[PDB]
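Text of run14.cif, listed as mmCIF, C-alpha atoms:
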```cif
data_model
#
loop_
_atom_site.group_PDB
_atom_site.id
_atom_site.type_symbol
_atom_site.label_atom_id
_atom_site.label_comp_id
_atom_site.auth_asym_id
_atom_site.auth_seq_id
_atom_site.Cartn_x
_atom_site.Cartn_y
_atom_site.Cartn_z
ATOM 1 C CA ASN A 1 0.000 0.000 0.000
ATOM 2 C CA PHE A 2 1.047 3.605 -0.100
ATOM 3 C CA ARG A 3 1.145 6.737 1.881
ATOM 4 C CA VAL A 4 3.154 8.951 4.245
ATOM 5 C CA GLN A 5 3.526 12.670 4.513
ATOM 6 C CA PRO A 6 5.275 15.049 6.896
ATOM 7 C CA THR A 7 4.810 18.775 7.377
ATOM 8 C CA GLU A 8 4.118 19.994 10.889
ATOM 9 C CA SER A 9 1.315 22.506 11.365
ATOM 10 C CA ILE A 10 0.647 23.042 15.016
ATOM 11 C CA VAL A 11 -1.686 26.068 14.978
ATOM 12 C CA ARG A 12 -2.660 26.369 18.602
ATOM 13 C CA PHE A 13 -5.735 27.036 20.755
ATOM 14 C CA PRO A 14 -4.754 30.495 22.102
ATOM 15 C CA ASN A 15 -4.370 33.718 20.190
ATOM 16 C CA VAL A 16 -3.234 36.538 22.480
ATOM 17 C CA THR A 17 -3.858 35.236 26.023
ATOM 18 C CA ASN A 18 -2.508 37.522 28.777
ATOM 19 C CA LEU A 19 1.068 36.660 29.777
ATOM 20 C CA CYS A 20 1.453 36.695 33.586
ATOM 21 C CA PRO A 21 2.657 38.941 36.432
ATOM 22 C CA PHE A 22 6.000 37.875 35.023
ATOM 23 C CA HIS A 23 8.226 40.720 33.876
ATOM 24 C CA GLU A 24 6.397 42.554 36.669
ATOM 25 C CA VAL A 25 8.297 41.047 39.608
ATOM 26 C CA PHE A 26 11.433 40.420 37.569
ATOM 27 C CA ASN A 27 11.039 44.128 36.745
ATOM 28 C CA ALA A 28 9.400 45.903 39.698
ATOM 29 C CA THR A 29 10.617 49.138 41.297
ATOM 30 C CA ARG A 30 9.485 48.702 44.911
ATOM 31 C CA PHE A 31 9.154 45.290 46.535
ATOM 32 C CA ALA A 32 7.461 44.542 49.839
ATOM 33 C CA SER A 33 8.576 44.631 53.435
ATOM 34 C CA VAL A 34 10.489 41.390 53.788
ATOM 35 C CA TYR A 35 8.087 39.543 56.109
ATOM 36 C CA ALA A 36 5.126 40.708 54.040
ATOM 37 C CA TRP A 37 6.353 38.503 51.194
ATOM 38 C CA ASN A 38 4.478 39.884 48.218
ATOM 39 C CA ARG A 39 3.117 36.556 47.060
ATOM 40 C CA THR A 40 0.310 37.118 44.584
ATOM 41 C CA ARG A 41 -1.658 34.521 42.717
ATOM 42 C CA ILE A 42 -0.017 35.012 39.321
ATOM 43 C CA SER A 43 -2.699 35.634 36.788
ATOM 44 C CA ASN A 44 -4.656 33.593 34.419
ATOM 45 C CA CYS A 45 -1.994 32.994 31.837
ATOM 46 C CA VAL A 46 0.210 32.751 29.072
ATOM 47 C CA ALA A 47 3.095 32.373 31.493
ATOM 48 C CA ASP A 48 5.248 30.896 28.753
ATOM 49 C CA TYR A 49 8.335 31.425 30.846
ATOM 50 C CA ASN B 1 -64.417 -41.280 -11.277
ATOM 51 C CA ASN B 2 -65.330 -39.883 -14.666
ATOM 52 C CA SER B 3 -65.223 -36.111 -14.779
ATOM 53 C CA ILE B 4 -62.465 -33.858 -16.043
ATOM 54 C CA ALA B 5 -62.129 -30.097 -16.173
ATOM 55 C CA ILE B 6 -60.529 -28.516 -19.210
ATOM 56 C CA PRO B 7 -59.571 -24.863 -19.709
ATOM 57 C CA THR B 8 -61.348 -22.846 -22.338
ATOM 58 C CA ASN B 9 -59.374 -19.593 -22.299
ATOM 59 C CA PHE B 10 -55.988 -18.661 -20.944
ATOM 60 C CA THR B 11 -53.984 -15.841 -19.525
ATOM 61 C CA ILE B 12 -50.524 -14.558 -20.296
ATOM 62 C CA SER B 13 -49.012 -13.440 -17.041
ATOM 63 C CA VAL B 14 -45.691 -11.723 -16.503
ATOM 64 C CA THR B 15 -44.152 -12.050 -13.067
ATOM 65 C CA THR B 16 -40.797 -10.812 -11.884
ATOM 66 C CA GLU B 17 -37.996 -12.396 -9.920
ATOM 67 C CA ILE B 18 -35.273 -10.300 -8.358
ATOM 68 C CA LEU B 19 -31.987 -11.986 -7.615
ATOM 69 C CA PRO B 20 -28.797 -10.680 -6.058
ATOM 70 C CA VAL B 21 -25.824 -11.275 -8.306
ATOM 71 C CA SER B 22 -22.897 -9.456 -6.722
ATOM 72 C CA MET B 23 -22.023 -7.445 -3.654
ATOM 73 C CA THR B 24 -19.707 -4.545 -3.010
ATOM 74 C CA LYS B 25 -16.030 -5.447 -3.361
ATOM 75 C CA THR B 26 -14.131 -3.872 -0.508
ATOM 76 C CA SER B 27 -10.482 -3.869 0.352
ATOM 77 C CA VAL B 28 -8.883 -3.103 3.664
ATOM 78 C CA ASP B 29 -5.562 -1.504 4.524
ATOM 79 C CA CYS B 30 -4.866 -3.857 7.386
ATOM 80 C CA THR B 31 -2.251 -1.591 8.960
ATOM 81 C CA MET B 32 -3.889 1.784 8.414
ATOM 82 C CA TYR B 33 -7.039 0.443 9.970
ATOM 83 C CA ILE B 34 -5.500 -1.448 12.866
ATOM 84 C CA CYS B 35 -2.555 0.700 13.659
ATOM 85 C CA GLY B 36 -3.533 4.092 12.414
ATOM 86 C CA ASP B 37 -1.812 5.503 9.366
ATOM 87 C CA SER B 38 1.408 6.585 10.981
ATOM 88 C CA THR B 39 2.627 4.529 13.890
ATOM 89 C CA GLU B 40 5.492 2.489 15.267
ATOM 90 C CA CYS B 41 2.472 0.651 16.537
ATOM 91 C CA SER B 42 2.637 -0.852 13.040
ATOM 92 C CA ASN B 43 6.155 -1.831 13.947
ATOM 93 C CA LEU B 44 4.581 -3.775 16.814
ATOM 94 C CA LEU B 45 1.891 -5.158 14.565
ATOM 95 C CA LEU B 46 4.157 -7.157 12.284
ATOM 96 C CA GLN B 47 4.919 -9.223 15.377
ATOM 97 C CA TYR B 48 1.429 -10.668 15.033
ATOM 98 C CA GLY B 49 2.353 -12.753 12.012
#
```
In structure tokens, what does this structure look like?
Amino acid sequence: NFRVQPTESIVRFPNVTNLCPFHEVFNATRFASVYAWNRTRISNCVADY
Amino acid sequence: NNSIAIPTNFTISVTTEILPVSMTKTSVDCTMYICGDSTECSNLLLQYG
């Protein structure tokens, strides 16, 4: 019998999903008082690191 | 004992008779069915004789 063919098209579910609070802690001006560790709950995502 | 009945007219009657002669001739791609078109699964399949 006969067939194979490769060419990878991996068009993906998202389009422009929001990144993350990343590049906002890596790049913030004023952090918290040390014991008040400014944990957040980093947001919804495209936290594609 | 001694009486017979004899036709005096007749009747030309056409009846039909339908008969199957042939059925659909299929073919199967044993691998592409079993193993899916594109799989080292097929490489496992040849084990089965």
TODO: Name all residues at most 10 Å from residue 31 of chain B (count all atoms listed in the file; drop same-chain ones fewer than 4 positions away) and give them as a list in words.
DONE: residues 1 of chain A; 35, 36, 37, 38, 39, 41, 42, 43, 45 and 46 of chain B
Sorted by chain and rising residue number, list the residues of chain A at most 12 Å from chain B (counting all atoms listed in the file), each with its closest atom pair and distance in Å to one decimal, as a Markdown table.
```
| residue | atom | partner | partner_atom | distance |
| --- | --- | --- | --- | --- |
| A:1 | CA | B:29 | CA | 7.3 |
| A:2 | CA | B:29 | CA | 9.5 |
| A:3 | CA | B:37 | CA | 8.1 |
| A:4 | CA | B:38 | CA | 7.3 |
| A:5 | CA | B:38 | CA | 9.1 |
| A:6 | CA | B:38 | CA | 10.2 |
```
Please produce a file of the residues just selected, as a JSON list (two decimals), keeping the file's coordinate frame, where the atoms kept are C-alpha atoms.
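Below you can see out_20.json, which holds the result:
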```json
[["chain", "number", "residue", "atom", "x", "y", "z"],
["A", 1, "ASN", "CA", 0.00, 0.00, 0.00],
["A", 2, "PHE", "CA", 1.05, 3.60, -0.10],
["A", 3, "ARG", "CA", 1.14, 6.74, 1.88],
["A", 4, "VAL", "CA", 3.15, 8.95, 4.24],
["A", 5, "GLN", "CA", 3.53, 12.67, 4.51],
["A", 6, "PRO", "CA", 5.28, 15.05, 6.90]]
```
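For the pair atom CA of residue 12 of chain A and atom CA of residue 40 of chain B, the interatomic distance is 25.5 Å.
For the atom pair formed by atom CA of residue 28 of chain A and atom CA of residue 47 of chain A, the distance is 17.0 Å, given to one decimal.
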Open item on the list: Under the PyMOL selection byres ((chain A and resi 16-26) around 9), which residues of this model are included? Write them out as a VMD selection string.
Closed with: chain A and resid 14 to 15 27 to 29 31 40 to 49
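The gap separating atom CA of residue 27 of chain B from atom CA of residue 44 of chain B is 22.3 Å, in Å to one decimal.
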Got a moment to write chain B out with C-alpha atoms, as a PDB file, in the first residue's frame?
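Written out: decode13.pdb:
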```pdb
ATOM      1  CA  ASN B   1     -64.417 -41.280 -11.277  1.00  0.00           C
ATOM      2  CA  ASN B   2     -65.330 -39.883 -14.666  1.00  0.00           C
ATOM      3  CA  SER B   3     -65.223 -36.111 -14.779  1.00  0.00           C
ATOM      4  CA  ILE B   4     -62.465 -33.858 -16.043  1.00  0.00           C
ATOM      5  CA  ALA B   5     -62.129 -30.097 -16.173  1.00  0.00           C
ATOM      6  CA  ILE B   6     -60.529 -28.516 -19.210  1.00  0.00           C
ATOM      7  CA  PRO B   7     -59.571 -24.863 -19.709  1.00  0.00           C
ATOM      8  CA  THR B   8     -61.348 -22.846 -22.338  1.00  0.00           C
ATOM      9  CA  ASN B   9     -59.374 -19.593 -22.299  1.00  0.00           C
ATOM     10  CA  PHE B  10     -55.988 -18.661 -20.944  1.00  0.00           C
ATOM     11  CA  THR B  11     -53.984 -15.841 -19.525  1.00  0.00           C
ATOM     12  CA  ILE B  12     -50.524 -14.558 -20.296  1.00  0.00           C
ATOM     13  CA  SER B  13     -49.012 -13.440 -17.041  1.00  0.00           C
ATOM     14  CA  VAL B  14     -45.691 -11.723 -16.503  1.00  0.00           C
ATOM     15  CA  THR B  15     -44.152 -12.050 -13.067  1.00  0.00           C
ATOM     16  CA  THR B  16     -40.797 -10.812 -11.884  1.00  0.00           C
ATOM     17  CA  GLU B  17     -37.996 -12.396  -9.920  1.00  0.00           C
ATOM     18  CA  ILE B  18     -35.273 -10.300  -8.358  1.00  0.00           C
ATOM     19  CA  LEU B  19     -31.987 -11.986  -7.615  1.00  0.00           C
ATOM     20  CA  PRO B  20     -28.797 -10.680  -6.058  1.00  0.00           C
ATOM     21  CA  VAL B  21     -25.824 -11.275  -8.306  1.00  0.00           C
ATOM     22  CA  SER B  22     -22.897  -9.456  -6.722  1.00  0.00           C
ATOM     23  CA  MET B  23     -22.023  -7.445  -3.654  1.00  0.00           C
ATOM     24  CA  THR B  24     -19.707  -4.545  -3.010  1.00  0.00           C
ATOM     25  CA  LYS B  25     -16.030  -5.447  -3.361  1.00  0.00           C
ATOM     26  CA  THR B  26     -14.131  -3.872  -0.508  1.00  0.00           C
ATOM     27  CA  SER B  27     -10.482  -3.869   0.352  1.00  0.00           C
ATOM     28  CA  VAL B  28      -8.883  -3.103   3.664  1.00  0.00           C
ATOM     29  CA  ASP B  29      -5.562  -1.504   4.524  1.00  0.00           C
ATOM     30  CA  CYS B  30      -4.866  -3.857   7.386  1.00  0.00           C
ATOM     31  CA  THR B  31      -2.251  -1.591   8.960  1.00  0.00           C
ATOM     32  CA  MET B  32      -3.889   1.784   8.414  1.00  0.00           C
ATOM     33  CA  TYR B  33      -7.039   0.443   9.970  1.00  0.00           C
ATOM     34  CA  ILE B  34      -5.500  -1.448  12.866  1.00  0.00           C
ATOM     35  CA  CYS B  35      -2.555   0.700  13.659  1.00  0.00           C
ATOM     36  CA  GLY B  36      -3.533   4.092  12.414  1.00  0.00           C
ATOM     37  CA  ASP B  37      -1.812   5.503   9.366  1.00  0.00           C
ATOM     38  CA  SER B  38       1.408   6.585  10.981  1.00  0.00           C
ATOM     39  CA  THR B  39       2.627   4.529  13.890  1.00  0.00           C
ATOM     40  CA  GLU B  40       5.492   2.489  15.267  1.00  0.00           C
ATOM     41  CA  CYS B  41       2.472   0.651  16.537  1.00  0.00           C
ATOM     42  CA  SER B  42       2.637  -0.852  13.040  1.00  0.00           C
ATOM     43  CA  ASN B  43       6.155  -1.831  13.947  1.00  0.00           C
ATOM     44  CA  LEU B  44       4.581  -3.775  16.814  1.00  0.00           C
ATOM     45  CA  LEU B  45       1.891  -5.158  14.565  1.00  0.00           C
ATOM     46  CA  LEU B  46       4.157  -7.157  12.284  1.00  0.00           C
ATOM     47  CA  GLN B  47       4.919  -9.223  15.377  1.00  0.00           C
ATOM     48  CA  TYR B  48       1.429 -10.668  15.033  1.00  0.00           C
ATOM     49  CA  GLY B  49       2.353 -12.753  12.012  1.00  0.00           C
TER      50      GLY B  49
END
```
